[PDB]
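Peer 1:
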Amino acid sequence: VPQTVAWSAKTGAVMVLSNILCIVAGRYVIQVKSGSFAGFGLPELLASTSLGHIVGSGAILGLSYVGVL
Amino acid sequence: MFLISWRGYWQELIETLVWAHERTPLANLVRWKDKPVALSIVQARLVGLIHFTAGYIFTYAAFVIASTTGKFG
Amino acid sequence: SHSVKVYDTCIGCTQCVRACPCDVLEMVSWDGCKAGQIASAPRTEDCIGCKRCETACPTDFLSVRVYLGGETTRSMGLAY
Amino acid sequence: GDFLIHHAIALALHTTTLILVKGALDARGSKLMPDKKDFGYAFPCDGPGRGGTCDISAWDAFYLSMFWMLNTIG
Amino acid sequence: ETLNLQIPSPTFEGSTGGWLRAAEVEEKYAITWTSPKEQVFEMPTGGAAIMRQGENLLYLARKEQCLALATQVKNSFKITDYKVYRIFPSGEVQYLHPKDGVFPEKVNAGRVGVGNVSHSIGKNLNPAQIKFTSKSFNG
Amino acid sequence: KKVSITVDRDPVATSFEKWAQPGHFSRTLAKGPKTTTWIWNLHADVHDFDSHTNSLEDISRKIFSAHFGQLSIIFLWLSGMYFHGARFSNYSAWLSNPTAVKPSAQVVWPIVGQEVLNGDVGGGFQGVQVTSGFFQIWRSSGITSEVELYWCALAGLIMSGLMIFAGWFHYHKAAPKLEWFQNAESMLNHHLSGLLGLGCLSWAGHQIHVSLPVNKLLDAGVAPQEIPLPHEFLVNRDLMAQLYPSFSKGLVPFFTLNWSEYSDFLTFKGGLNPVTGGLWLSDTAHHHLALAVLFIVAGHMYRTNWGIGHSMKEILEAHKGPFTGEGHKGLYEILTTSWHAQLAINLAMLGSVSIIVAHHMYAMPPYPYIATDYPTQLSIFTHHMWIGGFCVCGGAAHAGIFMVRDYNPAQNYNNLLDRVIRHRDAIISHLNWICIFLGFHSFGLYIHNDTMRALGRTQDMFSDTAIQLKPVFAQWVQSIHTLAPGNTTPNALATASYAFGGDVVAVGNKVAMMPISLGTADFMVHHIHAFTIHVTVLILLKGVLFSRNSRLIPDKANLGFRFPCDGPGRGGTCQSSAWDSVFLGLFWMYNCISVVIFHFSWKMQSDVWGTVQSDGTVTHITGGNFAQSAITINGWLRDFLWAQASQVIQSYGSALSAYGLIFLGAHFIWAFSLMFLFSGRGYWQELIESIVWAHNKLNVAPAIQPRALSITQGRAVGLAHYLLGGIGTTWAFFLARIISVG
Amino acid sequence: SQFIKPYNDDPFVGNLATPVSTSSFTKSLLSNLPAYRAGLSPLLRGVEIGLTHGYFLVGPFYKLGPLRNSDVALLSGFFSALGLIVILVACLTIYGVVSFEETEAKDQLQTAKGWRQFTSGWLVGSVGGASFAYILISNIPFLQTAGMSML
Amino acid sequence: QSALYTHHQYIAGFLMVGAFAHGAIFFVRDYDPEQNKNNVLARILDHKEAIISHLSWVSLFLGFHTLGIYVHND
Ligand code: CLA
Ligand code: CLA
Ligand code: CLA
Ligand code: CLA
Ligand code: CLA
Ligand code: CLA
Ligand SMILES: CC1=CCCC(C)(C)[C@H]1/C=C/C(C)=C/C=C/C(C)=C/C=C/C=C(C)/C=C/C=C(C)/C=C/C1=C(C)CCCC1(C)C
Ligand SMILES: CC1=C(C/C=C(\C)CCC[C@H](C)CCC[C@H](C)CCCC(C)C)C(=O)c2ccccc2C1=O
Ligand code: SF4
Ligand code: SF4
Ligand code: SF4
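If you're matching them up, the sequences are chains A, B, C, D, E, F, G and H in order. Mapped onto the entry's author numbering, the consecutive letters of the first sequence carry residue numbers 10 to 42, 51 to 86. Everything in the second sequence is counted per the entry's author numbering, starting at 661 for the first residue and increasing by one. Everything in the third sequence is counted per the entry's author numbering, starting at 2 for the first residue and increasing by one. Everything in the fourth sequence is counted per the entry's author numbering, starting at 514 for the first residue and increasing by one. Everything in the fifth sequence is counted per the entry's author numbering, starting at 3 for the first residue and increasing by one. Mapped onto the entry's author numbering, the consecutive letters of the sixth sequence carry residue numbers 11 to 189, 192 to 754. Everything in the seventh sequence is counted per the entry's author numbering, starting at 2 for the first residue and increasing by one. Everything in the eighth sequence is counted per the entry's author numbering, starting at 367 for the first residue and increasing by one.
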């Protein structure tokens, strides 16, 4: 079984990082919608944090698997 | 096959085979003298009837001879 | 070729000619029916024998009558 | 068992005769094709008109009764 | 009257359903028509082509292939300007349809009736009567 | 907000007036019958909605309400299976002793001596043995009571009432407009996220909270009435944490992403449960939870009302390369304006999924005690092969209907359809060649082996003892799947299926699953499969590609999808329609699926199923005769059909005598079909003329003039009786054989 | 960029110019092959095709034939190949007789004289190629085995 | 004994079917109604529907009952 850990500030760091990474990515790549103050709506934010949680969870589970944590 | 499947299906198969033979290199050097057509409606009824009948005769002749020979009684 | 005949019970409805996919039939003047016209077959060499003309015939017994005969490349519907 | 099979053979001889007799008597014509004689003994059909005329020739009743002959001799 | 061989053809990306060696060795059929538009039609031999505005020329292997396009062009695009020709490998061009300038469904003077039988179909002779004699079954 | 709900209110009046006027839906049939053909033409075109109406809106409304009617019928059917399990079954007796009691949920009335069909299935019970696998489903659900089966029957009854109400409501009270139905992005988002995703999520939740505790208690050995009721696991988290100690921490490990705490009940074990011979339900719970996450994530792909998402039109129009012209341009317009194009795709996929279901369910038995219930394993494999094959041929049927009717060349210039129709001779000629090559090189190997074995030349055969056609690629893939646990699936503990290699899993001394070795006989029968699938594809594809026109008939689209012929000319154009290729390909589907189920039945009896003796020897049902006898046709005739038809023929006077009766009845129906298949309409119309004369003579002629069936209907009736007769023969033979011996 | 075009710049001909049908590699191979090679006599065309076909016919008859396990397997395989050559050369002869009307010109296969020259070359080449295969397999032990001589 | 009986019964069924086939060929090709006015042959054709419908009846009669008794027994 892959080794996962209880929540720590490092897990929080990975989630926060992945979320911000996806906010910036969503500002660049979402085709239908002041770098972040132009056309930034709730759907765009909600979609990017949805992916940020998907990417963050995948990253946390993988970095816990390999030992990086 | 001759009694259930009928001509239009087979003529459309044969026209794709005619296309393929004419378009295949090293094979289009050889040409038919008679245009390949599907069997006729009456001809295929006869061919299926002959195959049905021959299968009927050969199956029963094999059974009536082998069952009696093998059993002897 | 096939042999296509038109009998004098033809009412000149022009439907068999319209049905013809191969321009076998045409209309000629005839005083026998009320329409003043009867079907004719001057091109039975192009007749494929589809018998669509027979289906379109509204007479009790088809005035247009296809009799399948000798086969040719044209009457066999061969594009090869 | 002999009684039942003899009646089965009676059905088979009568049914093969029905198909063959229907072919012979309707060989020269029928309501579906009155001028059947003009087309011969073995022709495919008269086309899809008048509802459909597959196996309308007298040869085709030979064809259909050949199965019933095989079934009865079976 | 004669087929102008230089008529441009419809834009077809080609197909495998077109004509084979019998077209260049036995007979080929051609159909021409005038279109008011640059419009897509369906080929009898396959997919879709675009007929050009102005005059179009087609090469088909069958007269029914030509008349199938003729009906598609008359019922969907209302072209009544179609002429169907049979082109021999010799280079002879035979005009076919409409044969005398008027459609077969319309009466025309100078048409002689071929195949017309003076009696009804039930007055045909029985085959036994016409057996072993050259006399025809249509009376 | 361009995705919106729009409905016409009170479109159609709920009146019995059109019920009283049969044929109301079409202009041809509404003027009443004059011949008996009208009667047949009534049923033949009833569900052909796009033949009655021009508007896509009324067509879509009729389809939506007919889907609710179908769902109502399925829910009524399910409610009946639950009620027959509750009331007329030995389910409670089967729960106590799953390996000895035979499932039975059907009891016959004593009328004409037919009460012999209430055989001794076990558990102090008499009834018809049932093979649908419902008992194994219910044990997997954790039902453990007939009261809960009554509550499931009522839940099915309530759903059946709600679906028949919803069909009435959505046709007669609030029918959606066409712009509602043409929301493929919204529908896909909801059917991936909502239907499949919350379906898996809710089912995984049920498995974790109900199936897992109840089935752990059942496999521990606790009697069904000693097991706590399924809500007592929901409340008493302490009692649930006894069985799975991870429940002591609750949902904190889920949200904090500490998911390895849940490894007690979300496993990746693989293999089978040794006690039941079924899949580990902890694996099934993890499986459904993982599918739920991806299905919900997938249902966020498409753009609906907020700018995020894909336009499927943009995805399709961007995929074009140098070989394929304009590419997938125009396919979105097709699939949102043609129902038949959607039904062609979805029927081919539903049939493919049903075929996948049959292979995966036998190989990886998913229910407790289903693997060693061999009548159920054979029944559900054979059933889902037939549902798969039928649905695949209906995918080609509605591909033909799309091509004849909904295809417009103007909107399909130089796209993928245009290019396929423009090289259909190359496609059909290459498919024709591969089918000839593969009939020669699969069935001709059988003819070679028949000939050599008949000639005394056993050294000249294709066999394991002679020339060995080994399936090296299939054996190699089996090697990889046996080596996969710990190597390429490192966290797996066992193989995905024991069919690939590994242990023999035995439950109640009967083999649950065991390695299926592949030899020369398996090479030969798999190439038989590849051949029969290829030929069925050739007939169905030749019908789709040549549905609109040929070199033979250049105007085939004007004759329609379903026409009998275009006359005896051009040599004869009998069966030239796309319908007649569906008709001819349903025979070859029958041929294909019959060989697949024969291969499965013989191979599983010969090499998988049987009893485990002391020292782990497995005495198989037919004693390993597949390897040396499935290489000849005489072996299939002798060692499979003749040897195993013993049970149907000798079933009279027992509980399996119904199978002997259906065996004979289906031989009758199959033969009776050949009257419609080998004959033509003109014979029967002239015979009917003589019968009409006999009626006229007695002044008893009907006013609805009797006609022989149409040419197409004679073909359809022949095919329907042929399929019923063949499949019913195989159904009776399979079921009496495996109920007696397995 | 489109890699498929109408064949011979004629849209209504029943062919499509495709990479497989009309690449330079395909055109080079067909022209290089003896049947379509320019400058090649019909007899020489038959000799090259025959040498090829007779050479590879021996191997299936030898390796998979009824007498394969016998020491006379190669002789049986050669004789079976030779018998097949004689049947095929009869087929070539009868096709030539019916298909082509007698004409003076012999420079093409599609002529009565040219197909007779082709059949003559094919027989000589096929018997020679079959013989060459027999000589090579007899001399080389590795060819006598199926490649398992190293094993 | 089995081969001889089976052989000659199959020859019998072929000859009997062929007899009716050539009666159909006779009607199509060699039968002249004017030369055969009100004969046994013309009057057989005159009631062709009585003959065929009564063969249909007896075939159906026997088939329904013989099969029904057999199915009853099964
Ligand atoms: C949907 C699946 C399904 C299936 C296949 C069956 C099948 C069966 N059930 Mg089960 N059943 C079901 C659902 C199902 N049931 C449901 C949902 C319930 C709960 C209400 C029950 C409750 C139930 C009980 C309580 C019993 C059965 C019994 C039976 C058996 C005989 C029934 C019988 O002869 O009725 C025949 C009854 C008639 C009235 C004859 C029908 C004749 C009419 C004309 C039908 C025509 C329909 C009509 C024409 C349609 C048009 C409507 C009209 C407006 C035109 C049979 C095995 C019996 C059994 O197993 O005994 C051991 C039994 O006692 N069933
Ligand atoms: C997330 C929402 C959602 C869900 C669950 C469904 C579900 C379904 N739709 Mg879809 N649909 C949706 C949104 C949704 N749709 C939207 C937004 C549109 C507009 C674009 C459509 C347009 C549409 C069409 C046009 C069609 C469907 C069809 C279907 C049915 C497919 C057959 C099947 O597998 O049913 C069996 C599976 C089931 C689960 C049956 C349950 C039935 C209910 C309705 C499911 C949901 C119940 C409820 C939400 C659950 C509450 C849980 C509670 C106990 C806690 C299925 C009931 C087809 C059909 O059969 O029509 C009836 C059809 O033709 N739908
Ligand atoms: C989701 C599945 C689905 C759907 C919605 C449709 C819907 C449709 N199909 Mg498609 N089709 C399907 C599956 C489907 N079919 C499959 C699986 C096949 C392969 C067999 C076909 C093959 C097919 C063809 C070949 C044709 C259609 C046609 C039609 C249309 C009208 C049919 C009609 O009125 O029949 C009304 C219903 C009947 C007449 C029922 C009779 C069918 C059998 C004989 C009854 C079965 C009885 C029972 C199962 C077994 C007998 C038991 C016995 C012991 C009592 C309609 C658009 C036809 C059409 O009009 O095209 C537009 C058409 O030509 N389809
Ligand atoms: C057992 C009966 C039988 C047999 C042998 C065949 C044979 C064939 N069918 Mg038919 N078919 C049958 C029943 C049968 N069918 C029935 C009942 C139906 C009902 C609907 C159909 C409907 C049907 C359709 C609709 C299609 C076929 C197709 C095919 C061909 C498949 C290609 C192939 O395998 O070539 C290999 C040939 C064989 C397997 C025949 C057996 C030959 C064996 C191997 C030995 C050869 C003997 C050898 C020549 C001896 C020579 C010496 C001798 C001449 C003296 C092939 C010609 C397809 C086709 O033609 O396209 C490819 C096709 O599309 N069939
Ligand atoms: C009650 C009505 C009725 C009557 C009086 C007849 C009368 C006759 N039929 Mg029958 N016939 C009928 C209905 C009827 N037919 C129907 C509905 C069919 C279609 C299945 C047929 C099919 C049929 C065939 C195929 C044959 C006859 C033959 C005959 C003749 C011989 C008598 C015989 O053996 O019957 C035999 C009867 C049957 C084989 C079928 C019986 C059909 C059912 C039982 C009757 C229908 C009941 C009807 C619905 C009553 C509704 C009225 C109600 C509303 C008040 C005789 C002229 C035979 C003939 O020509 O021989 C001289 C023959 O070969 N008929
Ligand atoms: C088992 C196979 C089989 C069977 C039963 C039949 C049956 C029949 N054939 Mg056919 N035939 C077959 C194979 C078969 N044929 C084949 C392979 C061929 C070769 C093409 C032919 C060619 C052929 C021709 C050319 C002729 C016949 C004729 C007949 C009839 C002869 C017996 C008779 O007159 O009354 C016997 C009647 C029966 C056996 C019918 C059974 C009664 C049914 C089953 C009642 C059951 C009702 C039940 C409730 C239905 C449930 C349906 C469910 C959906 C609700 C009968 C309809 C002749 C005919 O029509 O003469 C009048 C005729 O002209 N047949
Ligand atoms: C279709 C067709 C069209 C027109 C031309 C056509 C070719 C002519 C025609 C074909 C017609 C065909 C094919 C006709 C076929 C006709 C057949 C097969 C007629 C069979 C006749 C057998 C009889 C009368 C047996 C009589 C036995 C008796 C009396 C025994 C008596 C007894 C004795 C002596 C000893 C035992 C005691 C008893 C029982 C008392
Ligand atoms: C027997 C037969 C007929 C005659 C069959 C008819 C007229 C069907 C009439 C049967 C009775 C009248 C009704 C059938 C009822 C059955 C007892 C069960 C039917 C079940 C569904 C119809 C509901 C044809 O018309 C035909 C046409 C083309 C090819 C082959 C054939 C063919 O074989
Ligand atoms: S259809 Fe019959 S009637 Fe009308 S014109 Fe042609 S022939 Fe004369
Ligand atoms: S048969 Fe077809 S082609 Fe010949 S005439 Fe009648 S319609 Fe025209
Ligand atoms: S289907 Fe019946 S009618 Fe149409 S052609 Fe073939 S035989 Fe003649």
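Backbone N, C-alpha and C fix where the C-beta goes; we use that ideal spot for every residue, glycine too.
If we require 4 or more residues per run, which alpha helix (DSSP H) segments fall completely within the stretch 320-376 of chain F?
Peer 2: List check, alpha helix (DSSP H) in window: 324-330, 343-347 and 351-375.
Peer 1: Which one or two residues does DSSP pair with E:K30 in a beta bridge?
Peer 2: Answer is E:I89.
Peer 1: Grab the span of the beta strand (DSSP E) containing C:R66 for me, first residue to last.
Peer 2: Start and end: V65 to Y68.
Peer 1: Should F:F267 be labelled buried (16 or more other beta-carbon atoms within 10 Å of its own) or exposed?
Peer 2: Classification for F:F267: exposed.
Peer 1: Do three or more CB pairs link the stretch 149-166 of chain F to the stretch 79-92 of chain F at distances below 8 Å?
Peer 2: Short answer: they touch.
Peer 1: Taking DSSP as the reference, what is the three-state secondary structure of F:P186?
Peer 2: Residue state, collapsed to three classes: strand.
Peer 1: At the 8 Å Cβ level, is E:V27 part of the contact set with chain C, yes or no?
Peer 2: It does not: the Cβ of E:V27 has no partner Cβ on chain C nearer than 8 Å.
Peer 1: By a C-beta neighbour count over all protein chains shown, 10 Å radius and 16 as the cutoff for buried, is F:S75 buried or exposed?
Peer 2: Per the 10 Å Cβ criterion, buried.
Peer 1: Tell me which residues of the stretch 398-431 of chain H have at least one Cβ-Cβ distance to chain E shorter than 7 Å, keeping chain order.
Peer 2: Of all residues in the stretch 398-431 of chain H, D398 and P399 have a Cβ within less than 7 Å of some Cβ in chain E.
Peer 1: Below 8 Å on the Cβ atoms is my guess for F:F485 versus F:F543; work out the distance and round it to an integer in Å.
Peer 2: Rounded, the Cβ-Cβ distance is 17 Å, inconsistent with contact.
Peer 1: Could you give the distance in angstroms between the alpha-carbon of F:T46 and the alpha-carbon of F:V712?
Peer 2: Roughly 16 Å separates the two Cα atoms.
Peer 1: Taking 7 Å as the cut-off, is the C-beta of F:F59 nearer than that to any heavy atom in ligand 2?
Peer 2: F:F59 Cβ: outside cutoff for every heavy atom of ligand 2.
Peer 1: Taking 7 Å as the cut-off, is the C-beta of residue 756 of chain F nearer than that to any heavy atom in ligand 3?
Peer 2: In this structure chain F extends from 11 to 754, so residue 756 of chain F is not present and cannot be described.
Peer 1: From residue 444 of chain H to C:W31, what does the alpha carbon distance come to, in whole angstroms?
Peer 2: A question about residue 444 of chain H goes unanswered here, because the residues of chain H that appear run from 367 up to 440.
Peer 1: Taking the alpha-carbon positions, what's the residue 10 of chain F to F:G342 distance?
Peer 2: Since the displayed chain F opens at 11 and closes at 754, residue 10 of chain F lies outside it and no answer follows.
Peer 1: Using C-beta distances below 6 Å, list every residue in its chain close to F:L208, excluding the 5 sequence neighbours before and after it, in chain order.
Peer 2: If we look at F:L208 and ignore the five residues flanking it on each side, its Cβ neighbours are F307.
Peer 1: Pull the bridge partners of F:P497 from the DSSP assignment, please.
Peer 2: In the DSSP output, where bridge partners are listed per residue, F:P497 has F:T501.
Peer 1: Based on the DSSP secondary-structure assignment, which residues constitute the bridge partners of E:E44?
Peer 2: Bridge partners of E:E44: E:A50.
Peer 1: How would you list, in chain order, the residues of chain D whose beta-carbon sits under 8 Å from the beta-carbon of H:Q375?
Peer 2: Residues of chain D passing the Cβ test: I586.
Peer 1: Given this structure, state the Cα-to-Cα distance separating F:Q146 from A:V14, to the nearest angstrom.
Peer 2: In a straight line, the C-alpha of F:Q146 is about 38 Å away from that of A:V14.
Peer 1: Use the C-beta contact count for F:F652: other C-beta atoms within 10 angstroms, 16 or more gives buried, fewer gives exposed.
Peer 2: F:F652 comes out buried.
Peer 1: Mind checking if G:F13 is an interface residue toward chain E, Cβ cutoff 8 Å exclusive?
Peer 2: By this cut-off, G:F13 is an interface position.
Peer 1: Using the beta carbon as the reference atom, which residues fall closer than 7 Å to any heavy atom of ligand 9, ordered along the chain?
Peer 2: Taking each Cβ in turn, the ones that pass are C:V7, C:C11, C:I12, C:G13, C:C14, C:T15, C:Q16, C:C17, C:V18, C:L26, C:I39, C:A40, C:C54, C:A57, C:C58, C:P59, C:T60, C:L63, C:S64 and C:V65.
Peer 1: Would you be able to state if there are at least three C-beta pairs under 8 Å between the stretch 79-87 of chain G and the stretch 671-679 of chain B?
Peer 2: Contact fails: fewer than three Cβ-Cβ distances are below 8 Å.
Peer 1: Looking at F:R749 and F:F573, is the spacing between their C-beta atoms short of 8 Å?
Peer 2: For F:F573 and F:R749, no; Cβs fall outside 8 Å.
Peer 1: Does the beta carbon of G:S25 come closer than 8 Å to any beta carbon on chain B?
Peer 2: Cβ-Cβ to chain B under 8 Å: no for G:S25.
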